[PDB]
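Okay, here we've got a single chain as structure tokens, the form deposited in one PDB entry, with questions on binding and movement later.
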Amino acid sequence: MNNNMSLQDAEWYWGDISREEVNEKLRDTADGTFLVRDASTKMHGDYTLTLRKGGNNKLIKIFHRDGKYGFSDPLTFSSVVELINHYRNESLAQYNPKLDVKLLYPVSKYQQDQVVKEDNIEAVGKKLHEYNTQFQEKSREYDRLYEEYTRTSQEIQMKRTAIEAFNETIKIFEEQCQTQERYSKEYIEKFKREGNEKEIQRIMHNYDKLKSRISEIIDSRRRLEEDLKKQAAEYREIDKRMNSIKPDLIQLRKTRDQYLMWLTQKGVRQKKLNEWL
């Protein structure tokens, strides 16, 4: 039944669509995945075959002359449908060994029909409105989540260099403890000779003043440590939530897109579409 089908009716024939449109369809797909579009009007050739091989898109021009179609002279095929079906059942190695692959998986223009089986325009347009609404909602939810995500990441960064600033501070006040003790062991030891304990209540009142300030600084950077650990937790919690929203987002966009496709076929006025979108 295949070879007599009109090219228009072919599932893998997408008419005049962009290479960019083709690219999105083929993005991250298994080898053998393919479709046909019209060639650029400004170039020689009629149709462009695009298939996946080795994680890359391969574009193969299809030419016409005097009833015959093909990739290169001589043109041996009676129609484009005949060409495709041939390479569905045979490797393109025959055309070129440097790509040994069959056309296994046609990207179908009827795919959405498989998804949306409701045959009523207004009803399909109704679901599209709901699907679009749910998707726009999830999108904004994700947006506010990313906003907090960045703000949190930034405030975590500030706290961290502040922690280092505290450490460096603490290191100095320790060095000052070291300095005073370094120099004291002579004077004090010589000044408990000559019976001066009054020279202590000044020297010692200062040592404990220094030690007190140290404790306060350590206490303050202990605080910042807990604050940071807390906010770092919020960060990872925000990340989790966003990672939950992401899959739902993509699926919602893809379902919306299919319902757009189904309604774009059957030729719904752009105006009617935009009420639903």
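For every residue, the number given is its place in the sequence shown, counted from 1. Heads up, when I say rigid core I mean the largest set of C-alphas that superpose within 1.5 Å between the two forms.
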item: Residue 42 dropped from a third or more of the other entries of this protein; value: yes
item: Comparing 192-200 with 162-170, the one whose average Cα B-factor in the PDB entry is higher; value: 192-200
item: Which of 21-29 and 261-269 has higher mean CA B factor, as the PDB entry lists it; value: 261-269
item: Deposited CA B-factor, highest of 73, 143, 113, 82; value: 113
item: Chain third (lowest, middle, highest) by recorded CA B-factor, residue given as residue 86; value: lowest
item: Within-chain third of residue 181 by Cα B-factor, per the entry; value: highest
item: Third assignment of residue 92 from its chain's C-alpha B-factors; value: middle
item: Lowest, middle or highest third - CA B-factor, residue 240; value: lowest
item: Ranked against its chain, the third holding the CA B-factor of residue 210; value: highest
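The form deposited in another entry is left out here; the points below concern that form.
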| query | finding |
| --- | --- |
| Single mover in 139, 76, 72, 161, with Cα shift of 2 Å or more between this form and the one not shown when the core is superposed | 139 |
| Displaced residue check between this form and the one not shown: residue 174, CA, 2 Å or over, core reference | no |
| Residue 250 C-alpha moves between this form and the one not shown by 2 Å or more, core aligned | yes |
| Core-aligned C-alpha movement of residue 204 between this form and the one not shown reaching 2 Å | no |
